[PDB]
>>> print(open('data_28.cif').read())   # mmCIF, N, CA and C atoms and all ligand atoms
data_coords
loop_
_atom_site.label_atom_id
_atom_site.label_comp_id
_atom_site.auth_asym_id
_atom_site.auth_seq_id
_atom_site.Cartn_x
_atom_site.Cartn_y
_atom_site.Cartn_z
N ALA A 1 11.52 6.70 -19.87
CA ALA A 1 10.13 6.84 -19.37
C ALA A 1 9.79 5.69 -18.43
N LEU A 2 8.80 5.91 -17.58
CA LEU A 2 8.37 4.90 -16.62
C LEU A 2 8.10 3.55 -17.29
N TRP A 3 7.52 3.58 -18.48
CA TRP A 3 7.22 2.36 -19.21
C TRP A 3 8.47 1.53 -19.48
N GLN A 4 9.56 2.20 -19.84
CA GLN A 4 10.81 1.49 -20.11
C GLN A 4 11.44 0.99 -18.82
N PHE A 5 11.40 1.82 -17.78
CA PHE A 5 11.97 1.46 -16.49
C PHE A 5 11.30 0.17 -16.00
N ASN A 6 9.98 0.12 -16.15
CA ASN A 6 9.20 -1.05 -15.75
C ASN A 6 9.73 -2.29 -16.47
N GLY A 7 9.93 -2.16 -17.78
CA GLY A 7 10.42 -3.27 -18.57
C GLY A 7 11.81 -3.71 -18.17
N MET A 8 12.68 -2.75 -17.86
CA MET A 8 14.04 -3.07 -17.44
C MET A 8 14.06 -3.90 -16.16
N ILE A 9 13.24 -3.50 -15.20
CA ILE A 9 13.18 -4.22 -13.94
C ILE A 9 12.67 -5.64 -14.15
N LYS A 10 11.67 -5.81 -15.01
CA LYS A 10 11.17 -7.15 -15.29
C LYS A 10 12.24 -7.96 -16.01
N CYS A 11 13.09 -7.27 -16.76
CA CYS A 11 14.18 -7.93 -17.48
C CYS A 11 15.11 -8.63 -16.50
N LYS A 12 15.43 -7.95 -15.41
CA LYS A 12 16.33 -8.49 -14.39
C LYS A 12 15.61 -9.32 -13.33
N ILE A 13 14.32 -9.04 -13.14
CA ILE A 13 13.51 -9.74 -12.15
C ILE A 13 12.19 -10.13 -12.83
N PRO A 14 12.20 -11.23 -13.61
CA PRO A 14 11.05 -11.76 -14.35
C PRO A 14 9.75 -12.02 -13.59
N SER A 15 9.86 -12.28 -12.29
CA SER A 15 8.68 -12.59 -11.48
C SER A 15 7.98 -11.36 -10.89
N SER A 16 8.51 -10.18 -11.19
CA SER A 16 7.96 -8.96 -10.63
C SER A 16 7.10 -8.07 -11.52
N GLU A 17 6.26 -7.28 -10.87
CA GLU A 17 5.44 -6.26 -11.51
C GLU A 17 6.03 -5.04 -10.80
N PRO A 18 7.14 -4.51 -11.35
CA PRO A 18 7.88 -3.35 -10.84
C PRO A 18 7.07 -2.14 -10.37
N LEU A 19 6.07 -1.75 -11.15
CA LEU A 19 5.26 -0.59 -10.78
C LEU A 19 4.46 -0.81 -9.50
N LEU A 20 4.40 -2.06 -9.05
CA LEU A 20 3.70 -2.39 -7.81
C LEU A 20 4.71 -2.75 -6.72
N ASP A 21 5.63 -3.66 -7.03
CA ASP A 21 6.63 -4.10 -6.07
C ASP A 21 7.64 -3.02 -5.69
N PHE A 22 8.04 -2.20 -6.66
CA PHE A 22 9.04 -1.18 -6.39
C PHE A 22 8.54 0.25 -6.32
N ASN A 23 7.24 0.40 -6.08
CA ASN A 23 6.68 1.73 -5.93
C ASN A 23 6.23 1.82 -4.48
N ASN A 24 6.40 2.99 -3.88
CA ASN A 24 6.02 3.18 -2.49
C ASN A 24 6.73 2.13 -1.63
N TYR A 25 8.06 2.18 -1.65
CA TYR A 25 8.88 1.27 -0.87
C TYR A 25 9.98 2.12 -0.23
N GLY A 26 10.17 1.95 1.07
CA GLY A 26 11.19 2.71 1.77
C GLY A 26 10.93 4.20 1.67
N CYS A 27 12.00 4.99 1.76
CA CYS A 27 11.89 6.43 1.69
C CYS A 27 12.13 7.00 0.29
N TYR A 28 12.71 6.20 -0.60
CA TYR A 28 13.01 6.69 -1.94
C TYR A 28 12.36 6.02 -3.14
N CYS A 29 11.91 4.77 -3.00
CA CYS A 29 11.29 4.09 -4.13
C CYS A 29 9.88 4.61 -4.35
N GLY A 30 9.72 5.43 -5.38
CA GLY A 30 8.44 6.02 -5.69
C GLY A 30 8.65 7.50 -5.92
N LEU A 31 7.58 8.23 -6.21
CA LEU A 31 7.71 9.66 -6.45
C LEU A 31 8.30 10.37 -5.24
N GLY A 32 9.35 11.15 -5.47
CA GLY A 32 9.99 11.88 -4.39
C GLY A 32 10.97 11.04 -3.59
N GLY A 33 11.37 11.55 -2.43
CA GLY A 33 12.30 10.83 -1.59
C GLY A 33 13.06 11.77 -0.69
N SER A 34 13.30 11.34 0.54
CA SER A 34 14.02 12.15 1.51
C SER A 34 14.39 11.30 2.72
N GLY A 35 15.28 11.84 3.54
CA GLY A 35 15.71 11.12 4.73
C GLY A 35 16.81 10.12 4.42
N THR A 36 17.01 9.18 5.33
CA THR A 36 18.04 8.16 5.16
C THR A 36 17.42 6.88 4.60
N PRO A 37 18.01 6.32 3.53
CA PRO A 37 17.46 5.08 2.96
C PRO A 37 17.36 4.03 4.07
N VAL A 38 16.27 3.26 4.08
CA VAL A 38 16.08 2.26 5.11
C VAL A 38 16.82 0.95 4.88
N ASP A 39 17.14 0.64 3.62
CA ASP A 39 17.89 -0.57 3.30
C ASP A 39 18.59 -0.40 1.96
N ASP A 40 19.32 -1.42 1.52
CA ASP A 40 20.04 -1.31 0.25
C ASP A 40 19.14 -1.08 -0.96
N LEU A 41 17.95 -1.68 -0.95
CA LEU A 41 17.02 -1.49 -2.06
C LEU A 41 16.61 -0.02 -2.09
N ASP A 42 16.32 0.53 -0.91
CA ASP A 42 15.93 1.93 -0.80
C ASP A 42 17.08 2.80 -1.30
N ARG A 43 18.31 2.37 -1.03
CA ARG A 43 19.49 3.11 -1.46
C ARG A 43 19.61 3.05 -2.98
N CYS A 44 19.19 1.94 -3.57
CA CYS A 44 19.22 1.81 -5.03
C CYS A 44 18.34 2.91 -5.60
N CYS A 45 17.17 3.09 -4.99
CA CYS A 45 16.22 4.10 -5.44
C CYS A 45 16.75 5.51 -5.22
N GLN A 46 17.45 5.73 -4.11
CA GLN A 46 18.01 7.05 -3.84
C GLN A 46 19.01 7.39 -4.95
N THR A 47 19.85 6.43 -5.30
CA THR A 47 20.84 6.63 -6.36
C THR A 47 20.15 6.97 -7.67
N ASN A 48 19.10 6.23 -8.00
CA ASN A 48 18.36 6.48 -9.23
C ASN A 48 17.72 7.88 -9.17
N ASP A 49 17.25 8.27 -7.99
CA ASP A 49 16.66 9.59 -7.80
C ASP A 49 17.71 10.65 -8.08
N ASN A 50 18.90 10.47 -7.51
CA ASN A 50 19.98 11.42 -7.71
C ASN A 50 20.47 11.43 -9.15
N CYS A 51 20.34 10.30 -9.83
CA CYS A 51 20.77 10.19 -11.22
C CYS A 51 19.83 11.05 -12.07
N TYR A 52 18.54 10.99 -11.77
CA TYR A 52 17.54 11.79 -12.48
C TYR A 52 17.82 13.27 -12.23
N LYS A 53 18.20 13.61 -11.00
CA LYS A 53 18.49 15.00 -10.64
C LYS A 53 19.67 15.53 -11.45
N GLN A 54 20.69 14.69 -11.60
CA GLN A 54 21.88 15.07 -12.36
C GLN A 54 21.50 15.25 -13.83
N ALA A 55 20.59 14.41 -14.30
CA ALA A 55 20.12 14.47 -15.68
C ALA A 55 19.50 15.83 -15.97
N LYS A 56 18.60 16.26 -15.09
CA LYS A 56 17.92 17.54 -15.24
C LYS A 56 18.91 18.71 -15.31
N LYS A 57 20.12 18.49 -14.82
CA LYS A 57 21.15 19.53 -14.84
C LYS A 57 21.80 19.64 -16.21
N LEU A 58 21.75 18.55 -16.98
CA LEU A 58 22.35 18.51 -18.31
C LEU A 58 21.67 19.41 -19.33
N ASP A 59 22.49 20.13 -20.11
CA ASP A 59 21.97 21.03 -21.14
C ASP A 59 21.13 20.24 -22.13
N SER A 60 21.54 18.99 -22.37
CA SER A 60 20.86 18.11 -23.30
C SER A 60 19.41 17.85 -22.91
N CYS A 61 19.16 17.74 -21.61
CA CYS A 61 17.81 17.48 -21.11
C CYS A 61 16.92 18.71 -21.02
N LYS A 62 17.52 19.89 -20.86
CA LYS A 62 16.75 21.12 -20.75
C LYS A 62 15.95 21.44 -22.01
N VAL A 63 16.42 20.93 -23.15
CA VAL A 63 15.77 21.17 -24.43
C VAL A 63 14.55 20.28 -24.67
N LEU A 64 14.44 19.20 -23.92
CA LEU A 64 13.33 18.26 -24.09
C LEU A 64 12.02 18.64 -23.40
N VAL A 65 10.92 18.50 -24.14
CA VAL A 65 9.58 18.79 -23.62
C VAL A 65 9.06 17.47 -23.06
N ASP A 66 9.83 16.91 -22.14
CA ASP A 66 9.53 15.65 -21.48
C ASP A 66 10.33 15.57 -20.18
N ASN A 67 9.84 14.80 -19.22
CA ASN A 67 10.54 14.63 -17.96
C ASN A 67 11.02 13.18 -17.90
N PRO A 68 12.03 12.89 -17.07
CA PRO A 68 12.54 11.51 -16.96
C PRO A 68 11.48 10.41 -16.87
N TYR A 69 10.30 10.75 -16.34
CA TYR A 69 9.21 9.79 -16.16
C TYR A 69 8.39 9.60 -17.43
N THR A 70 8.52 10.54 -18.36
CA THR A 70 7.78 10.48 -19.61
C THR A 70 8.69 10.55 -20.83
N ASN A 71 9.98 10.77 -20.60
CA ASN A 71 10.95 10.85 -21.69
C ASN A 71 11.27 9.44 -22.20
N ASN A 72 10.73 9.10 -23.36
CA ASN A 72 10.95 7.79 -23.95
C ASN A 72 12.36 7.61 -24.50
N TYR A 73 12.97 6.47 -24.19
CA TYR A 73 14.29 6.14 -24.69
C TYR A 73 14.22 4.72 -25.21
N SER A 74 15.26 4.27 -25.90
CA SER A 74 15.27 2.93 -26.45
C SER A 74 16.27 2.01 -25.77
N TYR A 75 15.86 0.76 -25.58
CA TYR A 75 16.71 -0.24 -24.95
C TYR A 75 16.15 -1.60 -25.31
N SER A 76 16.92 -2.64 -25.03
CA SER A 76 16.46 -3.99 -25.31
C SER A 76 16.75 -4.89 -24.13
N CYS A 77 15.93 -5.92 -23.98
CA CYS A 77 16.13 -6.92 -22.96
C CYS A 77 16.35 -8.19 -23.76
N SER A 78 17.44 -8.88 -23.50
CA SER A 78 17.76 -10.11 -24.19
C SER A 78 18.51 -11.00 -23.22
N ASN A 79 18.00 -12.21 -23.00
CA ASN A 79 18.62 -13.15 -22.07
C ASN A 79 18.76 -12.47 -20.71
N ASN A 80 17.73 -11.70 -20.36
CA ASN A 80 17.67 -10.97 -19.10
C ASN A 80 18.81 -9.97 -18.91
N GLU A 81 19.31 -9.44 -20.02
CA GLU A 81 20.37 -8.44 -20.00
C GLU A 81 19.83 -7.17 -20.65
N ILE A 82 20.10 -6.03 -20.02
CA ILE A 82 19.64 -4.73 -20.51
C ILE A 82 20.71 -4.04 -21.33
N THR A 83 20.32 -3.53 -22.50
CA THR A 83 21.24 -2.82 -23.38
C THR A 83 20.62 -1.50 -23.83
N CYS A 84 21.26 -0.39 -23.48
CA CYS A 84 20.77 0.92 -23.90
C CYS A 84 21.24 1.14 -25.34
N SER A 85 20.36 1.70 -26.17
CA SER A 85 20.66 1.91 -27.59
C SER A 85 21.51 3.13 -27.96
N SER A 86 22.35 2.96 -28.98
CA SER A 86 23.20 4.05 -29.45
C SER A 86 22.37 5.06 -30.23
N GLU A 87 21.10 4.73 -30.46
CA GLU A 87 20.21 5.63 -31.18
C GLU A 87 19.61 6.66 -30.22
N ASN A 88 19.82 6.45 -28.92
CA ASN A 88 19.32 7.40 -27.93
C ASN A 88 20.18 8.66 -27.98
N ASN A 89 19.54 9.82 -27.93
CA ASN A 89 20.31 11.05 -27.92
C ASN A 89 20.80 11.27 -26.48
N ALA A 90 21.68 12.25 -26.29
CA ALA A 90 22.29 12.53 -24.99
C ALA A 90 21.41 12.41 -23.74
N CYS A 91 20.31 13.15 -23.69
CA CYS A 91 19.45 13.09 -22.51
C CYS A 91 18.85 11.70 -22.31
N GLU A 92 18.29 11.14 -23.37
CA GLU A 92 17.69 9.81 -23.30
C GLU A 92 18.71 8.75 -22.89
N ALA A 93 19.93 8.87 -23.39
CA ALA A 93 20.98 7.91 -23.07
C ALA A 93 21.35 7.97 -21.59
N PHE A 94 21.39 9.17 -21.03
CA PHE A 94 21.74 9.34 -19.62
C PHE A 94 20.65 8.71 -18.76
N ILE A 95 19.39 8.98 -19.10
CA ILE A 95 18.27 8.43 -18.34
C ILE A 95 18.24 6.91 -18.46
N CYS A 96 18.51 6.41 -19.66
CA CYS A 96 18.51 4.97 -19.89
C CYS A 96 19.51 4.30 -18.96
N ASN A 97 20.68 4.92 -18.80
CA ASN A 97 21.72 4.38 -17.94
C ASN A 97 21.29 4.43 -16.48
N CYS A 98 20.60 5.50 -16.09
CA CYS A 98 20.12 5.64 -14.72
C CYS A 98 19.20 4.47 -14.38
N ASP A 99 18.29 4.17 -15.30
CA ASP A 99 17.33 3.09 -15.10
C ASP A 99 17.97 1.71 -15.14
N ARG A 100 18.88 1.49 -16.09
CA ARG A 100 19.56 0.20 -16.18
C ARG A 100 20.29 -0.10 -14.88
N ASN A 101 21.01 0.90 -14.37
CA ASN A 101 21.75 0.73 -13.12
C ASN A 101 20.82 0.37 -11.97
N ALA A 102 19.68 1.05 -11.88
CA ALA A 102 18.73 0.79 -10.82
C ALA A 102 18.13 -0.61 -10.93
N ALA A 103 17.73 -1.00 -12.13
CA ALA A 103 17.15 -2.33 -12.34
C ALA A 103 18.12 -3.42 -11.89
N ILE A 104 19.39 -3.27 -12.25
CA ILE A 104 20.40 -4.23 -11.86
C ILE A 104 20.58 -4.19 -10.34
N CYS A 105 20.63 -2.98 -9.78
CA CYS A 105 20.78 -2.81 -8.34
C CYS A 105 19.64 -3.52 -7.61
N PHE A 106 18.40 -3.28 -8.07
CA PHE A 106 17.22 -3.90 -7.47
C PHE A 106 17.33 -5.42 -7.41
N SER A 107 17.83 -6.01 -8.49
CA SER A 107 17.95 -7.46 -8.59
C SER A 107 19.03 -8.10 -7.73
N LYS A 108 19.92 -7.28 -7.17
CA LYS A 108 21.03 -7.80 -6.37
C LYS A 108 20.94 -7.53 -4.86
N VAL A 109 19.85 -6.90 -4.42
CA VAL A 109 19.68 -6.59 -3.01
C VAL A 109 18.43 -7.24 -2.43
N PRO A 110 18.40 -7.43 -1.11
CA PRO A 110 17.24 -8.04 -0.45
C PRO A 110 16.00 -7.17 -0.57
N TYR A 111 14.83 -7.81 -0.59
CA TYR A 111 13.56 -7.11 -0.66
C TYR A 111 12.92 -7.31 0.71
N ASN A 112 12.70 -6.23 1.44
CA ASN A 112 12.12 -6.33 2.77
C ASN A 112 10.69 -5.79 2.81
N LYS A 113 9.73 -6.70 2.83
CA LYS A 113 8.32 -6.34 2.86
C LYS A 113 7.95 -5.37 3.98
N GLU A 114 8.72 -5.37 5.06
CA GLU A 114 8.42 -4.47 6.17
C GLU A 114 8.61 -3.00 5.78
N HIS A 115 9.30 -2.77 4.67
CA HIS A 115 9.56 -1.41 4.20
C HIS A 115 8.60 -0.96 3.11
N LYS A 116 7.68 -1.85 2.73
CA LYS A 116 6.70 -1.53 1.70
C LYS A 116 5.63 -0.62 2.32
N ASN A 117 5.25 0.43 1.61
CA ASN A 117 4.24 1.37 2.11
C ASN A 117 4.70 1.92 3.46
N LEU A 118 5.97 2.33 3.52
CA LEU A 118 6.56 2.85 4.75
C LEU A 118 5.98 4.19 5.20
N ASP A 119 5.72 4.29 6.50
CA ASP A 119 5.20 5.51 7.11
C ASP A 119 6.24 6.60 6.89
N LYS A 120 5.88 7.63 6.12
CA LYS A 120 6.81 8.71 5.82
C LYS A 120 7.40 9.43 7.02
N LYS A 121 6.95 9.09 8.22
CA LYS A 121 7.49 9.71 9.42
C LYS A 121 8.87 9.13 9.68
N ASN A 122 9.19 8.06 8.96
CA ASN A 122 10.49 7.40 9.09
C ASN A 122 11.49 8.00 8.11
N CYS A 123 11.07 9.04 7.40
CA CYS A 123 11.93 9.68 6.41
C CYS A 123 12.22 11.15 6.71
CA CA B 201 12.14 8.39 -5.65
CA CA B 202 13.03 13.78 7.61
CL CL B 203 22.12 -6.13 -17.56
#
>>> encode(input="data_28.cif", output="structure tokens")
Amino acid sequence: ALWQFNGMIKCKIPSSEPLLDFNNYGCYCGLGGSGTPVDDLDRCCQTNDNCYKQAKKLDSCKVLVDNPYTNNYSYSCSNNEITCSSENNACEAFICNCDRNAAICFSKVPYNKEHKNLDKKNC
């Protein structure tokens, strides 16, 4: 769920408010996404977007009355390291991994303010 994703990003980037810094950025960071990613951070979001898409394809996820944005899963942040729980069932575990990968990706690429609140005509 979005709440967990937010926590994961703060886990890797303690100085950030993910729902603000990583929302409405580039062509993919935020609800939806299309076009060519504008930078590596945007590409991180595209990958996470595609990961969610693959999740929806899983039989495990079709049974859930929740979407990746509201589907709660379990994880822990310790010493700024993210760990997905073995108590997560198939769908939740897949989503947890999608988010963990993105949070780590976000923390390893440049953040370009010029791409924040990007004019969708660039997508
Ligand atoms: Ca997106
Ligand atoms: Ca386009
Ligand atoms: Cl980690």
>>> closest_atom_pairs(input="data_28.cif", of="chain A", to="ligand CA 202 (chain B)", cutoff="10 Å", atoms="only C-alpha atoms and all ligand atoms", output="Markdown table")
| residue | atom | partner | partner_atom | distance |
| --- | --- | --- | --- | --- |
| A:27 | CA | B:CA202 | CA | 9.5 |
| A:33 | CA | B:CA202 | CA | 9.7 |
| A:34 | CA | B:CA202 | CA | 6.4 |
| A:35 | CA | B:CA202 | CA | 4.7 |
| A:36 | CA | B:CA202 | CA | 7.9 |
| A:120 | CA | B:CA202 | CA | 8.2 |
| A:121 | CA | B:CA202 | CA | 7.1 |
| A:122 | CA | B:CA202 | CA | 7.0 |
| A:123 | CA | B:CA202 | CA | 4.4 |
>>> select_by_dssp(input="data_28.cif", residues="chain A", states="helix (DSSP H, G or I)", output="number ranges by chain")
A: 2-12, 18-21, 40-57, 59-62, 90-108, 113-115, 120-122
>>> closest_residue(input="data_28.cif", among="A:74, A:105, A:17, A:100", to="residue A:44", atoms="only N, CA and C atoms")
A:105
>>> residues_near_ligand(input="data_28.cif", ligand="ligand CL 203 (chain B)", cutoff="6 Å", atoms="all atoms listed in the file", output="JSON, numbers by chain")
{"A": [80, 81, 82, 83]}
>>> residues_near_ligand(input="data_28.cif", ligand="ligand CA 201 (chain B)", cutoff="5 Å", atoms="all atoms listed in the file", output="count of residues only")
6
>>> closest_atom_pairs(input="data_28.cif", of="stretch 30-93 of chain A", to="stretch 3-8 of chain A", cutoff="8 Å", atoms="all atoms listed in the file", output="Markdown table")
| residue | atom | partner | partner_atom | distance |
| --- | --- | --- | --- | --- |
| A:69 | C | A:3 | N | 6.2 |
| A:70 | CA | A:3 | N | 7.0 |
| A:71 | C | A:4 | N | 7.8 |
| A:72 | CA | A:4 | N | 7.1 |
| A:73 | N | A:4 | CA | 6.8 |
| A:74 | N | A:4 | CA | 7.8 |
| A:75 | N | A:4 | CA | 7.5 |
| A:76 | C | A:8 | CA | 7.4 |
| A:77 | CA | A:8 | CA | 7.0 |
| A:81 | C | A:8 | CA | 7.8 |
| A:82 | CA | A:8 | CA | 6.6 |
>>> atom_distance(input="data_28.cif", atom1="atom N of residue A:11", atom2="atom C of residue A:106")
10.4 Å
>>> select_by_dssp(input="data_28.cif", residues="chain A", states="strand (DSSP E)", output="PyMOL selection string")
chain A and resi 75-78+81-84
>>> atom_distance(input="data_28.cif", atom1="atom C of residue A:15", atom2="atom N of residue A:119")
23.5 Å
>>> residues_around(input="data_28.cif", residues="residue A:95", least_positions_apart="4", cutoff="8 Å", atoms="only C-alpha atoms", output="list in words")
residues 51, 52, 55, 68, 73, 91 and 99 of chain A
>>> atom_distance(input="data_28.cif", atom1="atom CA of residue A:86", atom2="atom CA of residue A:10")
21.7 Å
>>> closest_residue(input="data_28.cif", among="A:1, A:90, A:41, A:19", to="residue A:108", atoms="all atoms listed in the file")
A:41
